[PDB]
Amino acid sequence: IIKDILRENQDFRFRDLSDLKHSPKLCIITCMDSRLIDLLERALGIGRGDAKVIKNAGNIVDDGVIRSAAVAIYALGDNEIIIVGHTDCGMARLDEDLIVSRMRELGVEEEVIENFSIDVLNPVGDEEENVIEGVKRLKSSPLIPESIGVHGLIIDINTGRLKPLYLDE
Amino acid sequence: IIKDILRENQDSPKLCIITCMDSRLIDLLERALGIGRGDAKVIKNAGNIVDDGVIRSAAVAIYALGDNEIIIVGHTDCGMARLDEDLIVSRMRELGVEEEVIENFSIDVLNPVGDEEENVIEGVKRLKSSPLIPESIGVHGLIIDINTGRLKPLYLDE
Ligand SMILES: [Ca+2]
Ligand SMILES: [Ca+2]
Ligand SMILES: [Ca+2]
Ligand SMILES: [Zn+2]
Ligand SMILES: [Zn+2]
């Protein structure tokens, strides 16, 4: 039997926690904000190999996020997702006009500018509501099994203190 | 700062890094690039694939957050280049996912084309050809060894 154990082991790979049976299989969804680098990891007690991480502007759950989370679930065994918003994000406070002025400045086609406006501007609530909304989207998605735990938290961008908004399980 | 980064690798922010969600990049990427808290906006998704979502986030960092340089960092041994479809379909069914969802998902995500390097290059081109990205924005492409942290340049702008 040792020969069969060795042959199978030559293909075994311990890449991260997903390759173990008793560790957390975590996926974190958060913002691209530079103040979250390092701080978020320490604040969550996370290190290398501890979680799959998705990041975009404002940690808004769109189709791309859902698809990446689904990859994490079906290919990497993730069974817990945590959206982490943060204070002083501002995606809930953009300067539409100033932004439009700059694009129009570099000659960006009006058609393009208009699309951008409807797609990224107008659509978005404030920090805590954006997180709750993201939780609802993930839980409502036919790509996300209900056996997956989905939590929503908001972190103080200066102190790292976490405030829970929604706790699943 | 792509120059400093490469030099550093031999061992407000104006920079935006686009990379993968792979857990092995946590902490390793920061030390490898010499990047820490407040040094860059960071966008991450499955396989650092540049899609409309990534482009819109990059556009926001540029037009609202004084962003003038983008670095796509792919990595070796990326799961998106070694997708086991049958194993994934099995997981989906076992978890009770409908057959319709499964089929649509396998076509939409389970058939990526291109290895890690090719994907980075394609990403550089998608950003370079996007109307939402000013031609004055520097767009670089690198690939990092997921175990050693060694960076290999694929495309350095200007
Ligand atoms: Ca459902
Ligand atoms: Ca449940
Ligand atoms: Ca190829
Ligand atoms: Zn933010
Ligand atoms: Zn990857």
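Just so you know, these numbers use all the heavy atoms, side chains as well, and skip hydrogens, waters and symmetry mates. Order of the sequence lines sets the chain letters (A, B, ...), proteins ahead of strands, with each chain counted from 1.
Contact tally against chain A (heavy-atom pairs below 4.5 Å) for B/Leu25, B/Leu15, B/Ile26: the top residue is B/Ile26. For the set A/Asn56, A/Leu143, A/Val108, the entry with the most heavy-atom pairs within less than 4.5 Å of chain B is A/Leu143. Note on A/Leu106, A/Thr30, A/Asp95, A/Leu39: by heavy-atom pairs under 4.5 Å with chain B, the leading option is A/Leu39. Chosen from A/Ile28, A/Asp38, A/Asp16, A/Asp50, the residue pairing most often with chain B at heavy-atom distances under 4.5 Å is A/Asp16. Each of B/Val89, B/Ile146, B/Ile35, B/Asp77 has some count of heavy-atom pairs under 4.5 Å with chain A, and the biggest count is that of B/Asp77. Ranked by heavy-atom pairs under 4.5 Å with chain B, the first of A/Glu109, A/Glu41, A/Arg15, A/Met103 is A/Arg15.
In this structure, B/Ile70 is a member of the same hydrophobic cluster as A/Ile99, with clusters built from ILVMFWY side-chain heavy atoms closer than 4.5 Å. B/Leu29 and B/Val42 end up in the same hydrophobic cluster when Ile, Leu, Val, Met, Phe, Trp and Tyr side chains are linked at under 4.5 Å. A/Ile54 and B/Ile43 fall into different hydrophobic clusters, where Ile, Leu, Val, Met, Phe, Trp and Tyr are joined by side-chain heavy atoms under 4.5 Å apart, directly or via other members. B/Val124 and B/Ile71 fall into different hydrophobic clusters, where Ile, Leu, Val, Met, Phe, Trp and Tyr residues are linked whenever their side-chain heavy atoms come under 4.5 Å apart, directly or through other members. Clustering ILVMFWY residues whenever any of their side-chain heavy atoms sit less than 4.5 angstrom apart, transitively, puts A/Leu138 in the very cluster that holds A/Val131.
Contacts of residues 110-123 of chain A with chain B at a heavy-atom distance below 4.5 Å involve A/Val112, A/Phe116, A/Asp119, A/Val120, listed in sequence order. Of residues 60-76 of chain A, those residues lying under 4.5 Å from chain B by any heavy-atom pair are A/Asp62, A/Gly64, A/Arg67, A/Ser68, A/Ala70, A/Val71, A/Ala72, A/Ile73, A/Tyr74, A/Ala75, A/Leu76. Listed in order of number, the residues of residues 158-167 of chain A that approach chain B to under 4.5 Å between heavy atoms are A/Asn158. Near-neighbour residues of residues 145-156 of chain A relative to chain B, defined by a heavy atom under 4.5 Å from a heavy atom of that chain, comprise A/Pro145, A/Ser147.
In this structure, chain A has a heavy atom under 4.5 Å from the side chain of B/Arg82, while its backbone stays farther away. A/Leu94 touches chain B through its side chain: at least one heavy atom from C-beta onward sits under 4.5 Å away, while N, CA, C and O do not.
Contact detail for B/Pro13 and A/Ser34: the closest heavy-atom pair is CG-OG, 3.4 Å.
Without hydrogens or angle criteria, B/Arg37 side chain to A/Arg35 main chain gives a donor-acceptor distance under 3.5 Å.
Heavy atoms of other residues, nucleotides or ligands lying less than 6.0 angstrom from NZ of B/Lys128 number more than 12. Other residues, nucleotides and ligands contribute more than 12 heavy atoms inside 6.0 Å of the NZ atom of B/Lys3. Within a 6.0 Å sphere centred on CZ of A/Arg42, other residues, nucleotides and ligands contribute more than 12 heavy atoms. Heavy atoms of other residues, nucleotides or ligands lying less than 6.0 angstrom from CD1 of A/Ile2 number more than 12.
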